Every structure is written in structure tokens, then in C-alpha cells.
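What you see below is based on every heavy atom in this structure, not just the backbone, and it leaves out hydrogens, waters and symmetry mates. Numbers restart at 1 for each chain; the letters A, B, ... are given by sequence-line order, proteins then strands.
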2 protein chains.
Amino acid sequence: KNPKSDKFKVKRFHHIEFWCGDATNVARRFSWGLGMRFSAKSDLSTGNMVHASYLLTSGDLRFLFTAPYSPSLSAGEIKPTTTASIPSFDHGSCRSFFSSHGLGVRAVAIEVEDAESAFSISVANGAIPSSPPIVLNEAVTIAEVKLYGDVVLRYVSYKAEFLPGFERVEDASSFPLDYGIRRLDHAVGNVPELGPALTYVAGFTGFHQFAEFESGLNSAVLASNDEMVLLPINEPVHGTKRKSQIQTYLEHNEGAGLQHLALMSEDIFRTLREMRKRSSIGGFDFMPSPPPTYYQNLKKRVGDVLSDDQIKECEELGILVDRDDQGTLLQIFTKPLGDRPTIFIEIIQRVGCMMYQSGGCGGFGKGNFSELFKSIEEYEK
Amino acid sequence: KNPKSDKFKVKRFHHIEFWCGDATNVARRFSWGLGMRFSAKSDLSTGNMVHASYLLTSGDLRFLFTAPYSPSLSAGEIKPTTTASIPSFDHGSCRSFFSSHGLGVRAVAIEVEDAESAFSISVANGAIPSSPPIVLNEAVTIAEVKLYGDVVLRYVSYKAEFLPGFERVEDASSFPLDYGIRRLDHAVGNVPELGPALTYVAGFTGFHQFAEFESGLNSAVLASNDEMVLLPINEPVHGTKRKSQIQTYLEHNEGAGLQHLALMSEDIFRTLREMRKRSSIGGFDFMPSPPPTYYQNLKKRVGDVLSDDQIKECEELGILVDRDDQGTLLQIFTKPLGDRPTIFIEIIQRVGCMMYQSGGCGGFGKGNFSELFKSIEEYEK
Ligand SMILES: Cc1c(C(=O)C2=C(O)CCCC2=O)ccc(S(C)(=O)=O)c1-n1c(=O)cc(C(F)(F)F)n(C)c1=O
Ligand SMILES: Cc1c(C(=O)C2=C(O)CCCC2=O)ccc(S(C)(=O)=O)c1-n1c(=O)cc(C(F)(F)F)n(C)c1=O
Ligand SMILES: [Co+2]
Ligand SMILES: [Co+2]
């Protein structure tokens with residue numbers, strides 16, 4: 001059931017912003033590892049004396065990497081005279097965030113019809129304000145409210161090119177990498193207590209619970225009206241035999257924060273071939289693959305959706321498969337993106353639910369918890 | 001003239017340590033950009049609850065990348081019970097360094113016969129102590145004194161495998177990249193005042209001035225007995241028409257620090273081909289190349305050392321050439337390694353001074369200041 005209860009008009013995920021200590025090195029690493037092109041910049045070369053921000057794109061997916069300069073470069077500025085292109089940026093907040101959490105997502109940004117309205121309605125319905133609406137060059141409005149931990153939900157609305165004050169990157173510096181990633185499918189937070197987190201976020205957005213179908217977690221998914229903005233949230237389950245990886249996250253992250261970003265691929269086999277080629281030469285590593293019993297068990301579960309060749313291709317690449325009542329999900333997870341065992345990436349492709357494809361087709365892979373356990377014990381044999 | 005006045009026995013450059021906010025992303029970027037292999041690690045997976053440290057190697061060149069974990073992981077530890085593999089590490093120092101300077105070199109490490117003696121003799125001769133000698137697993141001794149800014153000169157001595165507590169990296173995670181870089185040739189600092197800096201460092205090391213032969217700088221080079229440890233230092237020249245890039249460094253770095261690392265290649269043409277292939281796909285960018293007048297002028301200056309083909313190959317790759325009275329230098333400079341216009345890398349190869357090759361053969365390229373200016377005005381035409 002979908003009550004379509006959004007309290008303001010939400011369009012799509014717009015961008016994800018990482019707060020970094022050095023934006024250049026993270027952006028270059030991510031660009032090569034994920035096949036994303038350098039598309040825009042805001043930094044000293046564009047007159048920004050406050051922060052260095054670099055935008056990577058692949059299809060509609062936008063990853064922004066931002067780090068603070070020395071405050072001394074902008075010590076004469078005030079907010080009315082700022083050279084920052086993102087007016088919510090604050091040196092102290094950014095240094096505090098990165099010293100507390102390490103490299104991670106500061107902003108989950110969604111595009112909306114009217115960011116000022118979304119902010120006002122959100123705060124009127126319990127959202128904790130983080131940065132009030134500001135109109136950039138009379139063209140774009142940005143506003144921010146707290147989501148969980150030190151992660152903000154950022155509203156962006158356009159009157160009619162990323163943000164004013166960003167410059168498009170020269171084609172010499174803009175190599176057209178592309179491994180098939182096309183958009184952000186969902187963004188997942190880890191919190192100590194799931195109940196209060198859902199009440200808060202659903203309270204100020206009107207997002208509804210997306211219907212699903214001991215591994216250390218309880219989770220629920222909040223969704224916009226057309227279920228294209230998807231925000232799952234996890235809490236740890238305590239007292240298990242294997243310590244909850246949600247609790248490990250909370251400890252190493254110094255509390256709640258973004259756990260993983262799921263990136264839709266138009267061809268997950270190509271994406272994984274290209275990413276795995278680069279794992280040991282600057283790119284991303286993947287979690288250890290399931291045993292062959294897992295793929296031997298896939299025929300009985302998805303043999304009507306994937307051929308034997310397509311299943312064997314999943315086994316080569318370590319891809320996981322799950323299914324709901326409406327569609328099928330192919331997914332795989334990276335190892336953590338940085339030093340701490342906190343944030344990681346999921347690559348996904350969804351098959352089914354054609355009307356365009358409806359959001360969340362095939363679910364989020366919760367069935368893969370038990371089937372992985374089954375396969376390991378099976379392969380033990 | 002070389003008085004061989006070292007106050008203690010110095011061997012070779014041992015490693016360079018970068019202090020990072022996220023060591024993983026910087027190390028992976030550097031590995032791909034420079035062709036260095038992942039060779040050792042000290043991190044959560046090796047029992048280090050304090051800092052993540054990753055070692056890259058190419059030939060004898062060793063780059064170490066270190067970042068702090070949350071202090072909470074090690075809040076129960078004291079120095080007697082520390083799990084840090086580098087006992088000089090301090091969370092607060094590292095966060096302060098990176099927030100002040102951005103990504104940059106914390107330690108210039110040289111191998112010595114006896115790090116405890118080197119420390120004692122250094123401090124007895126004016127060195128400001130930074131970390132006293134500590135013996136690691138009865139096998140290696142490390143000590144640190146201040147060099148300039150927040151950069152330390154690190155002494156390492158071995159009784160008889162990087163450092164105790166580091167583990168060699170699995171070959172799966174250890175791709176054998178190699179673009180030809182083989183060792184650190186010299187490490188260069190920028191200071192506000194050259195005179196006091198040389199007096200200080202030469203005072204506690206016994207290093208001697210290496211003999212040389214308005215562009216915004218004055219420089220001098222300190223050298224060990226066999227002139228294999230080479231430490232140039234620059235100060236700005238004020239009041240010029242073009243603002244000194246040394247002064248820009250000092251402003252963006254928040255004071256003195258390491259300006260560039262010169263990395264010797266056994267085949268600079270191969271190194272530059274391989275590095276330039278990767279500039280726009282995660283590696284390093286190079287400074288804009290000199291005009292063809294520069295290479296048209298190279299025949300008259302080094303036509304007896306390089307063939308026309310070898311000169312044309314320099315023009316393809318943007319390589320600079322200089323010469324002293326004993327040898328010839330091929331060199332090229334990267335753009336800054338990170339967000340700030342501070343640290344960069346030089347790639348060099350030296351030809352001549354065969355006896356082995358003596359240190360500093362061909363100098364440091366100070367002749368390329370005027371010859372570049374000449375070439376630009378010539379090419380203006
Ligand atoms: C994150 C995840 C999802 C997933 O996407 C998801 C949602 O999007 C919303 C619903 C809740 C949820 O879990 C699906 C399956 C698995 S799992 C175990 O079957 O592979 C995992 N999953 C883990 O739960 C833990 C780890 C660990 F390493 F951190 F422990 N990893 C690497 C995982 O991939
Ligand atoms: C650093 C350097 C050296 C060099 O290695 C060196 C020593 O090792 C010790 C002696 C003093 C010294 O200078 C040689 C030639 C040149 S230069 C202008 O001729 O190309 C440059 N040099 C600059 O001085 C300034 C910049 C700038 F971008 F920051 F301005 N760059 C990119 C440079 O490369
Ligand atoms: Co997911
Ligand atoms: Co040099």
C-alpha cells in the first residue's frame with residue numbers, strides 16, 4: 001500500500017556529497033574506481049576561497065567531494081560576501097565531521113519543486129533545521145535539515161549547470177569514463193534506534209513505509225510518492241552470537257550515519273567486470289564471493305529469470321540475486337570505501353516491474369541474509 | 001668542497017610519510033598515479049586500533065600514508081600498552097597537522113647507523129626533539145626531531161620488514177605496478193627565512209652546503225657526507241612583479257613545510273609516458289609544457305648528451321633539461337598533489353658523474369628558471 005503522503009513535491013535523488021580532508025584525492029580515486037567523469041568544479045581556480053568541491057557524474061548519478069581550505073584564505077569574508085559556492089558549508093562543521101566520522105556522506109540531496117517550501121513544511125513538521133533556504137544567482141534554491149547523525153537531507157530546486165559558481169570541467173581534464181552506472185537507487189542510514197529515526201523522518205517528509213517481501217539488524221524503508229526516493233534505515237540487534245555489523249558501524253563512525261549507497265547499473269555484468277579489473281590498481285574491492293553452493297541453488301530460485309549462462313556470469317563476478325513477488329534484484333557490495341569499516345557501496349540492477357520500471361523492484365536483498373548462511377553451511381559439507 | 005662533517009653516520013633516505021585524513025584513498029590514488037605497489041600495512045586488520053598506515057614501494061622509494069582512527073577505539077590504551085605501530089603517532093597532532101596544512105609530508109625519514117645516537121647528538125647540537133628514541137620489538141629504533149614547520153626528520157636504525165607490527169600485503173591486493181621510479185633523490189622545504197633554517201638544520205646534522213652550478217626564491221642545499229641525502233630549502237623573494245610561489249605556498253600551507261619530493265626514475269621517458277597516460281583517469285597532472293623554442297634551444301645546450309631523437313622525446317613528454325659542470329639533469333614537475341597549491345612531485349633522471357653515480361649529478365635545475373623565461377619570450381615572437 002502507498003498512501004502518497006509526501007508533504008511536498010519530491011522529484012528524484014539529485015546528488016550525494018562526501019565531506020573529505022582532501023577532495024582531489026578522493027575524487028580521483030572514486031572516478032577511476034567507479035567510472036565516473038569529472039564534470040564540474042568549484043575551487044580556487046573558480047574564485048572559491050572557502051572550499052574545494054569536485055563533481056563526478058555517471059549518467060544521472062552525481063557524487064560531490066568537498067574539503068575545506070585554510071580559513072585564513074577567507075578570513076575577511078562574511079556570509080553576505082562569501083566566495084563559497086555552497087553557502088551551507090562551514091569550515092568548523094566540516095573539520096568536525098571528518099575528524100569525528102572519517103570520510104563519509106554529509107548530504108543526501110533530493111531535487112524538489114520548491115526548496116523553500118520543502119524546508120518550511122519540513123521544519124513545521126518536526127525537522128531539525130540545518131541550513132535555511134538560500135537562493136543562488138536567482139536560479140537555484142538550497143536548504144538542509146538534519147536526517148540522522150551529522151547527515152543532512154538537502155533540498156535543491158531549480159527555477160528553470162550543477163550549481164551557480166560551479167564551472168564545467170575542460171574536456172582535457174574530463175576523460176569520458178563509464179562502467180555503466182546510471183543513478184542512485186537508494187541511500188541507507190545506520191542508527192542506534194530504528195523506531196525514533198523513522199518517526200522523525202517520516203514525520204517531516206510524509207514519506208511512507210515501503211512494503212518488504214537474527215542477522216544483526218532490523219530495517220525499514222521510507223519512500224516518496226512514486227517510490228523513486230528510497231531511504232532505508234537500519235538499527236542493530238544486540239545479544240547475538242556474531243556481533244552486529246550495524247553496531248560495529250556505530251562504534252567506528254562515532255554514531256549514526258550513512259551506511260551504503262546503492263548505485264543502479266544499466267548492465268551490472270559490465271560494471272562489475274570493469275570495477276573488478278581495477279580493484280588492485282586504485283579502485284574498489286568487493287566483499288568475498290558466496291560459495292558455489294549459492295549459485296548451484298540459484299537455478300531453483302531464479303531459473304525462470306536468468307539463463308544458465310547468465311547465472312554462471314553471476315558466479316564469475318560474485319553477484320548476488322534476490323527476488324520479491326514483483327521483480328528480481330542483482331546486487332553486490334564493496335568493501336568499505338575508506339579507512340574505517342563504515343560506508344560501502346552497493347551495485348544493483350533490477351529486472352521486472354515494467355509499466356518505465358517502478359521503484360524498488362525486487363526489494364533490497366533481505367532474502368540474501370539467510371540464503372548466504374544456507375549456502376556457506378551447504379558448501380561446508 | 002665537501003668537508004664530510006656529518007655528526008652521525010647517515011645512510012640513505014628511508015621513507016616519506018604523508019599525514020592524511022583517509023589513508024586508503026590517498027594511497028590508492030598515489031599507487032595508480034605513480035606506479036607504486038602496496039607492500040605493507042598496519043591497521044585494524046593487524047591489531048592497530050590507533051592509526052591506519054599503508055606503505056607503497058617502487059624500487060627503493062617508500063611512501064607511507066597514515067590517518068587516525070576514532071580515538072575511542074584506543075581510549076583504554078596508554079603508551080606502555082599502545083597498539084600503534086608508529087609510537088610517535090598522536091591523534092591530536094595528526095588532526096591538527098591535517099587541518100592546518102592539508103595533505104602533506106609529516107616525516108622525512110633517513111636510515112642511520114644508530115637512531116638513539118643520532119637523536120642524542122642532534123638534540124645536543126640544537127635539534128628540537130619531537131619524539132624520543134623508541135626500540136620496536138628489539139629490532140628497529142625510531143626517533144624524531146623537528147625539521148621545519150610541522151615536518152620532522154625521522155631517524156630509523158636497524159639491528160639486522162618495514163617496521164615491526166607492519167604486515168606484508170597479500171599478492172592479491174598487491175598488483176605489481178611499476179613505471180620506473182626507483183628512489184627519492186631529494187626532499188625540499190619552503191620556509192619564511194632561509195638563513196635561520198639552514199643554520200638550524202646544518203647545526204644539528206653536520207650536513208654541509210652542496211655547491212650550486214629574480215625568479216621569486218633563494219635556495220640552498222644541505223647534504224650528507226656522500227651527498228646521497230639531499231635537503232634543499234627555499235625562501236621567498238618579496239617585492240617582485242610576479243608574486244613568489246614560495247610565498248603562495250607559505251600562505252596556503254599555513255607556514256613552512258615540504259614543497260616537493262624529487263623521485264629518481266631509471267627511465268624518465270617510460271615513467272612520463274606511463275604517468276601521462278593516467279593523468280585524467282585518477283593519476284597526476286603535469287605542469288604546462290615549455291614552448292617548442294625551449295626544445296629548439298636544447299640542441300645548443302645538451303646536443304652532446306642527447307640525440308635529436310632523445311631531445312624530440314623530451315619535447316613529446318614536456319621534460320626539462322639542465323646541466324652543471326659534471327652532469328645533466330632531466331626533470332619534470334607535477335601539478336599539486338592535493339587540493340592546495342602546496343606540495344608537488346618532481347620526476348628526475350641524472351646522467352653523468354660515474355665513478356655508481358655521485359649524488360646531485362647535474363644539480364637541481366636552477367638554470368631552467370631563466371631558460372624557460374627565455375623560451376617563452378622567444379616563442380612569443
Ligand atoms: C546491506 C545489505 C543489504 C542491503 O542493501 C539492505 C538494504 O539496502 C535495506 C534493507 C536492509 C539491508 O541490509 C542486503 C543484503 C546484505 S547481505 C549480508 O546479504 O549480503 C547486506 N549487507 C549487510 O547486511 C551487511 C554487510 C556487512 F559487511 F556490513 F556486514 N554487507 C556487506 C552487506 O552487504
Ligand atoms: C622547484 C623547481 C626546481 C627544483 O627542483 C628546485 C630544487 O630541487 C632545489 C633548488 C631550488 C629549486 O627550485 C627547479 C626548477 C623549477 S622551474 C620554475 O624551472 O620549472 C622549479 N619550480 C619552481 O621553482 C616553481 C614551481 C611553481 F609552480 F611552484 F612555481 N614549479 C612547478 C617548479 O617546478
Ligand atoms: Co541496499
Ligand atoms: Co627539485
Side-chain angles (χ1 to χ4, degrees), chain A residues 19-33 35 37-38 43-45 51-54 65-73 91 94-95 98-104 171-177 251-254 278-285 335-341, chain B residues 19-33 35 37-38 43-45 51-54 65-73 91 94-95 98-104 171-177 251-254 278-285 335-341:
Chain A
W19 267 1
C20 305
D22 188 81
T24 290
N25 277 271
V26 184
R28 292 211 170 199
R29 194 287 183 98
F30 273 59
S31 171
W32 176 234
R37 190 175 199 182
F38 271 95
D43 67 3
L44 292 171
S45 78
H51 57 96
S53 292
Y54 301 108
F65 302 84
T66 300
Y69 291 130
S70 170
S72 62
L73 303 190
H91 286 98
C94 187
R95 297 206 150 83
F98 191 103
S99 76
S100 174
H101 309 297
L103 168 73
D171 263 317
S173 284
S174 190
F175 197 99
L177 292 172
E251 282 160 10
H252 288 257
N253 199 62
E254 293 188 10
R278 297 161 168 91
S279 292
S280 292
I281 56 174
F284 295 93
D285 298 336
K335 293 191 179 178
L337 313 185
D339 292 338
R340 308 190 185 190
Chain B
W19 267 1
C20 305
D22 188 81
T24 290
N25 277 271
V26 184
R28 292 211 170 199
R29 194 287 183 98
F30 273 59
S31 171
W32 176 234
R37 190 175 199 182
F38 271 95
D43 67 3
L44 292 171
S45 78
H51 57 96
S53 292
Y54 301 108
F65 302 84
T66 300
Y69 291 130
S70 170
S72 62
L73 303 190
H91 286 98
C94 187
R95 297 206 150 83
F98 191 103
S99 76
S100 174
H101 309 297
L103 168 73
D171 263 317
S173 284
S174 190
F175 197 99
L177 292 172
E251 282 160 10
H252 288 257
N253 199 62
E254 293 188 10
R278 297 161 168 91
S279 292
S280 292
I281 56 174
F284 295 93
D285 298 336
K335 293 191 179 178
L337 313 185
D339 292 338
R340 308 190 185 190

| message | Against the six-membered ring of A:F30, is B:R29 placed for a cation-pi contact (under 6.0 Å from the centre, within 45° of the normal)? | response | no
| field | Salt-bridge present (B:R28, B:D22; N to O < 4.0 Å) | value | no
| field | Engaged part of B:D43 at the chain A interface, taking heavy atoms whose separation is under 4.5 Å | value | neither
| request: For A:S99 and B:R95, work out which heavy atoms get closest and say how close. | output: O-NH2, 3.2 Å
| said: Please identify, among B:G21, B:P341, B:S70, the residue contributing the most non-hydrogen atom pairs under 4.5 Å to chain A. | reply: B:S70
| said: Walk me through whether A:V26 and A:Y54 qualify under side chain to side chain contact (heavy atoms under 4.5 Å, CB included). | reply: CA-CA 10 Å; A:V26 184; A:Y54 301 108; over 6 Å; no
| remark: If one checks every heavy atom of A:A23 against chain B at 4.5 Å, the contacting part turns out to be both
| request: Could you look at B:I281 and say if it's the side chain, the backbone, both or neither that has a heavy atom under 4.5 Å from chain A? | output: both
| message | Which label fits A:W32 and B:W32: parallel for a plane angle under 30°, tilted from 30 to 60°, or perpendicular past 60°? | response | parallel
| By a 4.5 Å heavy-atom criterion (distance strictly below it), what part of B:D285 contacts chain A: side chain, backbone, both, or neither? | both
| query | In terms of heavy-atom pairs under 4.5 Å, which option from B:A172, B:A27, B:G338 contacts chain A the most? | reply | B:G338
| Would you say the side-chain atoms of B:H101 pair up with the backbone N or O of B:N253, donor to acceptor, closer than 3.5 Å? | yes
| note | Whatever's closer than 4.5 Å to a heavy atom in chain A on B:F98 counts as side chain
| request: Answer with side chain, backbone, both or neither: which region of B:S31 has an atom nearer than 4.5 Å to a non-hydrogen atom of chain A? | output: neither
